[PDB]
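Report on one structure; see the data block that follows.
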Amino acid sequence: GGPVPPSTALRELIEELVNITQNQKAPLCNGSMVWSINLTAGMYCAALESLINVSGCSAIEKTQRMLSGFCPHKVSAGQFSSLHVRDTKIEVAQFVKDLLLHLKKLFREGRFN
């Protein structure tokens, strides 16, 4: 019943993720690795759960919150008892970039939901 979807919402994830990924050679904060994203499906809660651990930056926090809004679950500070989070540790730099990868591919493909 309504015209095309909100395109502005796309430019948001595009410029934001492009900004974080378009950073100097130095990684995020201090190159603190984290549990690689799960671009497979529920990658939102993934990047949110790993990024939430960040402390002393507040630069990515924006992407964190915006990611939570979609995160199909709960993942904050100290709230895990499954022991199914440890898998592959990757540099926060490549981490963010990957986040931009899947995120842009989703919001762009139209399967952002």
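Identifiers in the structure tokens: chain A, B, ... in order shown; residue index from 1 per chain; ligand index from 1 in order shown.
Summary of the local environment: counting only C-alpha atoms, residues at most 6 Å from segment 38-47 of chain A, other than itself and those fewer than 3 positions away along its chain, are residues 50, 51, 67, 71 and 102 of chain A.
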Counting only C-alpha atoms, give me one row per residue of segment 61-100 of chain A with an atom at most 10 Å from an atom of segment 25-31 of chain A, showing the shortest contact pair and its distance in Å to one decimal, sorted by chain then residue number, as JSON lines.
```
{"residue": "A:90", "atom": "CA", "partner": "A:31", "partner_atom": "CA", "distance": 9.2}
{"residue": "A:91", "atom": "CA", "partner": "A:31", "partner_atom": "CA", "distance": 5.7}
{"residue": "A:92", "atom": "CA", "partner": "A:28", "partner_atom": "CA", "distance": 5.3}
{"residue": "A:93", "atom": "CA", "partner": "A:27", "partner_atom": "CA", "distance": 4.2}
{"residue": "A:94", "atom": "CA", "partner": "A:27", "partner_atom": "CA", "distance": 7.8}
{"residue": "A:95", "atom": "CA", "partner": "A:28", "partner_atom": "CA", "distance": 8.7}
{"residue": "A:96", "atom": "CA", "partner": "A:28", "partner_atom": "CA", "distance": 7.8}
```
Once DSSP has gone over the backbone, tell me which residues of segment 19-57 of chain A are in alpha helix (DSSP H), as JSON, numbers by chain. {"A": [19, 20, 21, 44, 45, 46, 47, 48, 49, 50, 51]}
Between atom CA of residue 36 of chain A and atom CA of residue 98 of chain A, what is the distance, to one decimal in Å?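 Taking atom CA of residue 36 of chain A as the start and atom CA of residue 98 of chain A as the end point, the length is 8.5 Å.
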Excluding residue 12 of chain A and its own-chain neighbours fewer than 6 positions away, which residues fall within 10 Å of it when counting only C-alpha atoms? Please give them as JSON, numbers by chain. {"A": [18, 66, 104, 107]}
Okay, now the selection with C-alpha atoms, as a PDB file, in the first residue's frame?
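Output saved as again-v3.pdb:
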```pdb
ATOM      1  CA  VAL A  18      32.211   2.690   5.638  1.00  0.00           C
ATOM      2  CA  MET A  66      22.149   0.100  15.853  1.00  0.00           C
ATOM      3  CA  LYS A 104      25.950  -3.625   3.590  1.00  0.00           C
ATOM      4  CA  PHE A 107      20.670  -3.711   3.805  1.00  0.00           C
TER       5      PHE A 107
END
```
What separation in Å, quoted to one decimal, exists between atom CA of residue 60 of chain A and atom CA of residue 5 of chain A?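 So the two atoms, atom CA of residue 60 of chain A and atom CA of residue 5 of chain A, lie 26.5 Å apart.
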Measure the distance from atom CA of residue 99 of chain A to atom CA of residue 86 of chain A in Å and round it to one decimal. 17.8 Å
Backbone DSSP call of strand (DSSP E) for chain A, listed as a ChimeraX atom specification: /A:34-35,89-90
Write out as a PyMOL selection string which residues come within 8 Å of residue 97 of chain A when counting only C-alpha atoms, dropping same-chain ones fewer than 6 positions away. chain A and resi 17+20-21
